[PDB]
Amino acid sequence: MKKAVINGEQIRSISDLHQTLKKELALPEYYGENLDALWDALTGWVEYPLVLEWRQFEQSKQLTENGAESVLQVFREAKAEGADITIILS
């Protein structure tokens, strides 16, 4: 198992969000910090089974010009396409 935790109220920007995911998910140094890079990481790099706990999501949505939702959506698409992802919105 492998667990990433996002403290959404500590997210500073969409860039900072990608940098948090990169640490929390042990992504490669070259991680492109964009939505296609994130998709590639979740479907051909990241360790499974994967648990994502995203705390205070609404704060992170406001701290990132709404970019937080498109980042969440990548996880939901990977899961919906069969990736073994458990998503916690707390």
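When you see a residue number, it is the position in the sequence shown, counting from 1.
Engineer: Between 40-48 and 57-65, which has the higher average C-alpha B-factor in the PDB entry?
Structural biologist: That would be 57-65.
Engineer: Could you say whether, by C-alpha temperature factor, residue 87 belongs to the lowest, middle or highest third of its chain?
Structural biologist: Residue 87: CA B-factor falls in the middle third of its chain.
Engineer: Report the third (lowest, middle or highest) to which the CA temperature factor of residue 5 belongs, ranking only the modelled residues of the same chain.
Structural biologist: It falls in the bottom third of the chain.
Engineer: For residue 11, does the deposited CA B-factor place it in the lowest, middle or highest third of the chain?
Structural biologist: Within its chain, residue 11 is a middle-third residue by C-alpha B-factor, going by the deposited values.
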